[PDB]
């Protein structure tokens, strides 16, 4: 019933609104950088040269770097926004787009800083770089994109080694979902209704990450079956906690704690389910109903007439139990997530 023509109209409405309203000359930090992952997805689907130039202009403005410190003795890997936070993954997601742009038009300068930073990181003995679940989306696809360019096998071994540490802190083996960081595991932390607290956008980042890993990881990689198994298990756990309306609530298995629609988790999940079905890793008959409800929510409720995307949970605000997300809450990174879902929906329609 829905056509590719109609989906492309949506994609272009959303993307043109964002690019007309916002200049590309802004910093390479995670929120802008996630938007660029969405834009690169649109470029893959459409070949649009203006959209490509928007990402190139952003990369040029940031000098093809993330955080800019050239003093490795001061490099930090915890949260920060100043130039020494070079090893913090929110300053590394930009490298996904720099690698994508390099593949189109190779020039050593485009990946010089990415190689410098990730190769230094991998040389250190520290393993707990991905100490918050969102890091998986920020950095796992960097590993496969940099491998694709360099063929340096350490990228693919360290992908596994870092993810193993993330799992040790956050992965709940019984449930098949990730806690958002070390403060959240059960039973020491519980929801208002005594449940395990799994953050939706957190698990969205992880689930979309594994799809992106599997999209570019070589077929022969020794850990590929581990990633497929993790992706398939998460798909089942995520499906099981979808709301009747098609979205996922911010606390995935306590909808009453943080009620009502939320878009960014939903869009990341939708991307992952559509990619999984399109790529033969998730059963179409089982998961197509999940994606129909989710996409219908995204198209009907999150999408506004002018291309704005609403109901995006904001960044870094303390949880207020019982309080809904504002319909009008819209952020770059959420538009990015929406575009991933929308692009993959076109591919699902054939």
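Numbering follows the first chain given and starts at 1.
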Which of 76-84 and 226-234 has higher mean CA B factor, as the PDB entry lists it = 76-84
key: Greater mean Cα temperature factor according to the PDB record, 314-322 or 53-61   = 314-322
task = Can you pull the Cα B-factors for 213, 206, 177, 104 from the entry and say which is highest?
result = 104
task = In terms of CA temperature factor as recorded, identify the highest of 266, 92, 193, 108.
result = 108
query = Split the chain's modelled residues into thirds by Cα B-factor; is residue 147 in the lowest, middle or highest one?
reply = middle
note = residue 48: CA B-factor among chain residues, third -> highest
message = Among the modelled residues of this chain, does the Cα B factor of residue 283 put it in the lowest, middle or highest third?
response = highest
Modelled-residue ranking by C-alpha temperature factor, third containing residue 220 = highest
remark   = For residue 14, the third of its chain by CA B-factor is the highest
